[PDB]
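When we count neighbours, we look across all protein chains shown, and the Cβ atoms used for this are built from the backbone with ideal geometry, even at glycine. Just so it is clear, none of the values below were taken in a lab; they were calculated from the coordinates.
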Amino acid sequence: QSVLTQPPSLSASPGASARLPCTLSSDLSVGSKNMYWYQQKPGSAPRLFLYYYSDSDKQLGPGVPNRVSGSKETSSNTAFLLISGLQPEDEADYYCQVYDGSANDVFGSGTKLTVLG
Amino acid sequence: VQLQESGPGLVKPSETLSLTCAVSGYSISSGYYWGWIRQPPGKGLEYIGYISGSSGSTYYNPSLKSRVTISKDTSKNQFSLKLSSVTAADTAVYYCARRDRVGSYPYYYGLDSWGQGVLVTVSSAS
Amino acid sequence: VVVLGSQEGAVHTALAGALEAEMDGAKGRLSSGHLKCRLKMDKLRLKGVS
Amino acid sequence: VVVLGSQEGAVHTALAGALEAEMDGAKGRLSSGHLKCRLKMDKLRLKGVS
């Protein structure tokens, strides 16, 4: 097993706070998992966007601003990719990633976030 | 550390596929597992495996277990991937990326620096 | 006539505490330094004074 | 993390005065012995005295 799942499409008006979840499989405890978020513009080689493990254990991309936040809901184990200041350039495909017991890369389906207009 | 991908344009099915990756800005054999990740037409990212920089150990994917073979050569500072017995569904956009395995900063446990990427199809000739 | 076998780990323990320069890349990167330096503060100035 | 090489000759020198033995694929001949015998000569006699 050990597969991540999340919806194919999400959209929100520019300005609001967009929350991109990431539901892990049942055999994982998200509270102790280093979450890794990738951002992919349509054809430009997805870059590391945001790594989040805790509100005091976090690290963003080299140039992305503090509008991008992360959080964990350990009730139903699901990470979050929070984008507060939605600009038109936040329209991209976002992925999440964890590692199994044997440290094999486990990527997610990811959401194709679209900024409306 | 800006990786550039180079590879043939097209391979026929059931034929060996080879991609060459030049790192061009960081010396291999210092550490920093180097891997290959793909995205077939437009779907999610699927990984194949990575090779250790210093030791040279290879860790692969359970589904792509008997077909791939990743090589490394620090003389010209490159590492390659060999995909044998390709299928029609193996048409993808490949990226050789970087990753840290032993560092004390978990941000680098993810794929920090990515390559440009090559597109390869498995169709017939013309 | 017999050989003395290998001698790698025999000398591994022979340099206990000796300085180490493990890193490579065609250039030996040391893991120890005690460089004494003198700092000249003549031609440096505060940025936010004006 | 560092592995301390091989310890073959490192114990070659530490095992200096111990006895040796040449083995030949499961008979393992020895090269030492202090066997104390008591022999019976009740039936020992010269073949030629007559």
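Okay, here's what the table says:
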{"item": "Helical contribution to [θ] at 222 nm, DSSP H n ≥ 4, -39,500 (n - 2.57), averaged over the protein assembly as shown, rounded to 500", "result": "-1000 deg cm²/dmol"}
{"item": "Nm distances between copies for D:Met23, ranked from closest, using label points 7 Å along Cα→Cβ", "result": "4.6"}
{"item": "Inter-centroid distance (Cα atoms) of the stretch C:1-42 relative to the stretch A:41-117, Å", "result": "42 Å"}
{"item": "Cα-based convex hull volume of the stretch A:27-117 per residue, rounded to whole Å³", "result": "117 Å³"}
{"item": "Vicinal HN-Hα couplings computed from phi for the stretch A:5-14 (Karplus, 6.51 cos²θ - 1.76 cosθ + 1.60; Hz; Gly/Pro x)", "result": "9, 5, x, x, 9, 8, 7, 7, 5, x"}
{"item": "Average partner coverage of B:111-120, which counts Cβ from other chains inside 10 Å", "result": "3"}
{"item": "Kirkwood-Stokes translational diffusion coefficient of the protein assembly as shown, alpha-carbon pairs, 20 °C, 1.002 mPa s, µm²/s", "result": "84 µm²/s"}
{"item": "GNM result for chain B, Cα springs below 10 Å: residue of B:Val102, B:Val68, B:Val93 fluctuating most strongly", "result": "B:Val102"}
{"item": "Global geometry of chain C, whether rounded, prolate or oblate, following the gyration tensor of its Cα atoms and the 1.5 cut on a/c", "result": "prolate"}
{"item": "7 Å along Cα→Cβ, label-point gaps from C:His12 to other copies, nm, shortest first", "result": "1.6"}
{"item": "For residues of C:33-43, the mean tally of beta carbons on other chains within 10 Å", "result": "0"}
{"item": "Shielding by other protein chains, A:39-51, mean Cβ within 10 Å", "result": "4"}
{"item": "Karplus 3J(HN,Hα) series, Hz, for the stretch B:2-19 with 6.51 cos²θ - 1.76 cosθ + 1.60 (x for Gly, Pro)", "result": "10, 7, 10, 9, 9, x, x, x, 8, 10, 6, x, 6, 10, 4, 10, 10, 10"}
{"item": "Nearby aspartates and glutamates by direct alpha-carbon distance to B:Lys12 (threshold 13 angstrom, same-chain neighbours under 8 apart not counted)", "result": "B:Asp90"}
{"item": "Mean projection area, nm², convex hull over Cα of the stretch B:4-120", "result": "7.3 nm²"}
